[PDB]
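Beneath this line is the structure, given in structure tokens, with notes to follow.
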Amino acid sequence: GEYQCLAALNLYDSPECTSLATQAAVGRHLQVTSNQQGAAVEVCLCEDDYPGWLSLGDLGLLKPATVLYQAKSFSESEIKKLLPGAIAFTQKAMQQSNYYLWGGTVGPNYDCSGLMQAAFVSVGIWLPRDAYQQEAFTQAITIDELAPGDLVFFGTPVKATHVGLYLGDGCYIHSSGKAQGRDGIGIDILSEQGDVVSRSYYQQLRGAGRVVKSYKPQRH
Numbered sequence: 015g016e017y018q019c020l021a022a023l024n025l026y027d028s029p030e031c032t033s034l035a036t037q038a039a040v041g042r043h044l045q046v047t048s049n050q051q052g053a054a055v056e057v058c059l060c061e062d063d064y065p066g067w068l069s070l071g072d073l074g075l076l077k078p079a080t081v082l083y084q085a086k087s088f089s090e091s092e093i094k095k096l097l098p099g100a101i102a103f104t105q106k107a108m109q110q111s112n113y114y115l116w117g118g119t120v121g122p123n124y125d126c127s128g129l130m131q132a133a134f135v136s137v138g139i140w141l142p143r144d145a146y147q148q149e150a151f152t153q154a155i156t157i158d159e160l161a162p163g164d165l166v167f168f169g170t171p172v173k174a175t176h177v178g179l180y181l182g183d184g185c186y187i188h189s190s191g192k193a194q195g196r197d198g199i200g201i202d203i204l205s206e207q208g209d210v211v212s213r214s215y216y217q218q219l220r221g222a223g224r225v226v227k228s229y230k231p232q233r234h
């Protein structure tokens, strides 16, 4: 059935609950499946269709839904007006102590795609959870077409593995990891003239996307 989260919940990428997949903010809706494995149960968050594993203890942090989640729609022009608020969310998040948390979604500690999802949700707009899904979902544009509030994608030939929010003037805001990044939220530029972090990510640049609708996944 469908439930509302009474507290922020961790969802894991396996029944073993050793690696975080996403986090569900208080008030989100999820569906609990009959697939229980080990000490966990498979769930699927409603707003982004994102699957993961919930500890069986956390079932007491759910309240049954009698009104099912339905996604809101926005026109392209409505979305344009909301982009400044998404940007502002990221700027404020950068100012709170934070590190790069794989699966971090509720804050203050984000992963790259989790920051994007949280920023857009703050203005009412849903994105899918993972970077490759955010690229599939958004309207592909060229690098040269980037405008503030568009998403910047980085990764392998197979898929995007990283994402940031374009600010203008080649600059973007993102959460990035330890090995090549800042271990948290910061500013980089799409230029080989940038600093070593900027250069590292620039080498992996894949594409760019514009948010032209709010995500409305399929009801399973």
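Counting with full-length UniProt numbering, you get residues 15 to 234 for the letters of the sequence shown.
C-beta: ideal position from N, C-alpha, C; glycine also.
Neighbourhood of residue i by C-beta, 8 Å cutoff - its chain only, sequence neighbours within 5 removed
i    : result
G15  : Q45, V46, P78, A79
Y17  : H43, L44, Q45, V46, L76, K77, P78, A79
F151 : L141, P142, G223, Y229
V57  : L25, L44, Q45, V46, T47, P65, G66, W67, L68
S136 : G99, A100, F103
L70  : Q50, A53, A54, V55
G121 : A107, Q110, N112, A132
Boundaries (first-last residue) of the beta strand (DSSP E) holding residue i
i    : result
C19  : 16-19
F168 : 165-169
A54  : 54-59
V46  : 43-51
Sub-7 Å separation of residue i and residue j beta-carbons
i           : j    : result
residue 242 : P29  : No information on residue 242 is available, as it lies outside the stretch 15 to 234 that the chain covers here.
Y83         : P142 : no
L179        : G223 : no
residue 14  : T104 : One cannot answer for residue 14 here, as it falls past the ends of the chain, which runs 15 to 234.
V172        : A145 : no
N123        : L115 : yes
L20         : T36  : no
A22         : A39  : yes
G163        : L97  : yes
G184        : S205 : yes
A174        : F134 : no
residue 235 : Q153 : Nothing in the structure corresponds to residue 235, since the chain is present only between 15 and 234.
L59         : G117 : no
In DSSP terms, what residue i is bridged to
i   : result
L34 : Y26
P78 : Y17
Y64 : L59
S69 : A54
Cβ-based neighbour list, residue i, same chain, cut-off 6 Å, excluding 5 preceding and 5 following
i    : result
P231 : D63
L160 : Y180, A222
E90  : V226
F168 : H176, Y215, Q218, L219, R220
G191 : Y114
Cβ shell of residue i (< 7 Å), same chain only, five flanking positions each side left out
i    : result
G198 : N112, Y113, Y114, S189
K86  : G138, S228
Which residue spans inside the UniProt domain "NlpC/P60" (94-227) form an unbroken alpha helix (DSSP H) run of at least 4? 126-135, 145-151, 210-217
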